[PDB]
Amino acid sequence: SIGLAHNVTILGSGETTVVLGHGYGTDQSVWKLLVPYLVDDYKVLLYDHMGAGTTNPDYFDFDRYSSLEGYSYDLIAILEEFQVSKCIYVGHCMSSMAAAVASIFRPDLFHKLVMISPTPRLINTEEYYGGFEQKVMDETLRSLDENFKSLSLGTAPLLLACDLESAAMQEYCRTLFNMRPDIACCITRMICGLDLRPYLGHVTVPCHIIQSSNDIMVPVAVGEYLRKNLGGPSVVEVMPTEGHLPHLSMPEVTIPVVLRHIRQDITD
């Protein structure tokens, strides 16, 4: 079953289901500090996206997972398998964008989207600043495969905004390097090539955008942009955190913020 292949875990109890979708380089273990604050009030569904190191490499389709849509379609199937409707979806980076795309096709499945550090496009254009220049990205990606570990280690302290020897770093690297190398490179290239901007106006479910004040992968203005271009109601909350995985590195600040967005609707 697709849910078995995605390591679906179900906990808690309640009329409303919260779905937790981890971001690049992590797995559902990233949510371990949030869960205790949900278990008494909600049913919670956790899953691993295909290609996480905890998933079977034989199920990784390099054609489907070279664009984000494959993840969105897979998300729908998982929610259907466990008969999940009008969920509160909480995602980090790519998973939040995957859910946003999914919600265009199946708005019935989503009550709201809570999005940690989302970005619809990394590469800069004349009109849009994503934080990365095409010609530099082209050089970096040309030698990505042979340099995956060294490039990833070398950048991770600034990506996470924490020291190379920190507990948060050790945890991130544990899951990042759990991915099979070819799979990791495929997912990395997919993220680097994202352009979800054409979808945004067609997203109508409520979106809660949670950002760090400084994130090398998400310029702070991307949050304000998300608000201006999403088709439904949205809220933007910039936190006094640094780093792209503030739920991992700064949970004392980030968990209370995430909880507020889960618990409090901006509609009805």
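Residues carry their position along the shown sequence, with the first being 1.
As the entry records it, the average C-alpha temperature factor is higher for 215-223, out of 215-223 and 232-240. Taking the PDB entry as given, 133-141 carries the higher mean Cα B factor of the two stretches 133-141 and 71-79. The PDB entry assigns the greatest CA B-factor among 102, 151, 88, 167 to 167.
Ranked within its chain, residue 175 lands in the middle third, by CA B factor from the PDB record. Among the modelled residues of its chain, residue 49 has a C-alpha B-factor that falls in the lowest third, as given in the PDB entry. Among all modelled residues in its chain, residue 190 ranks in the middle third by Cα B-factor. Split the chain's modelled residues into thirds by C-alpha temperature factor. Residue 4 is in the middle one. Compared with the other modelled residues of the chain, the Cα B-factor recorded for residue 56 ranks in the middle third.
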